[PDB]
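Engineer: following this: a sequence and the matching experimental structure.
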Amino acid sequence: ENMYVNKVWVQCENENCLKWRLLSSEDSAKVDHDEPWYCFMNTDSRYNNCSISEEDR
Ligand SMILES: [Zn+2]
């Protein structure tokens, strides 16, 4: 059942990293906007660590 959830960009809040990450529809729905978000919270295994380069658009 499609919930029509946007794929959104979020910025990592590790001050050493600050990289932007494009989330799946599912992860976009799950983000808790009252808590900090960090790269390791991304379930996309290609871009889920602060040591990984930012994706190109
Ligand atoms: Zn990061």
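Structural biologist: Good, I have the coordinates. Numbers count the residues shown, from 1 in each chain.

Engineer: contacts and neighbour counts: CA atoms only from here.
Structural biologist: Fine.

Engineer: in which helix or strand does residue 28 reside?
Structural biologist: Using DSSP states H and E, residue 28 falls within helix 25-30.

Engineer: could you pull out the buried residues of that helix?
Structural biologist: Using 16 or more other Cα atoms under 10 Å as the test for burial, helix 25-30 gives 27, 28.

Engineer: show me what that helix is in contact with.
Structural biologist: By Cα atoms under 8 Å, 6 or more residues apart in numbering, the residues outside helix 25-30 that reach it are 5, 6, 7, 8, 42, 43.

Engineer: quick one: residue 24 and the ion, what's the gap?
Structural biologist: As judged by Cα to the ion, to the nearest Å, residue 24 and the ion stand 17 Å apart.

Engineer: tell me which residues touch the nearest residue to that residue once chain neighbours are set aside, please.
Structural biologist: Nearest residue to residue 24, sequence neighbours excluded (Cα to Cα, 6 or more residues apart in numbering): residue 7, at 5.3 Å. By Cα under 8 Å, 6+ apart, the residues touching residue 7 are 22, 23, 24, 25, 28.

Engineer: which positions in this structure make contact with the ion?
Structural biologist: Counting by Cα under 5 Å from the ion, the residues of the chain close to the ion are 12, 17, 39, 50.

Engineer: scan those residues and report the most crowded one.
Structural biologist: residue 39 (23 neighbours; other Cα atoms under 10 Å).

Engineer: what's near enough to touch that residue?
Structural biologist: Contacts of residue 39 (Cα under 8 Å, 6+ apart): 12, 19, 21, 47, 48, 49, 50.

Engineer: quick check: the residue of this structure nearest the ion.
Structural biologist: Among the residues of the chain, residue 50 lies closest to the ion, at 3.4 Å counting by Cα to the ion.

Engineer: which strand or helix spans that residue?
Structural biologist: Residue 50 belongs to no helix or strand when elements are defined using DSSP H and E.

Engineer: contact partners for it?
Structural biologist: Residue 50 makes contact with 12, 17, 19, 38, 39, 40 under the criterion Cα under 8 Å, 6+ apart.

Engineer: what's the closest non-adjacent residue to residue 43?
Structural biologist: Spatial nearest neighbour of residue 43, excluding adjacent residues (Cα to Cα, 6+ apart): residue 27 at 7.2 Å.
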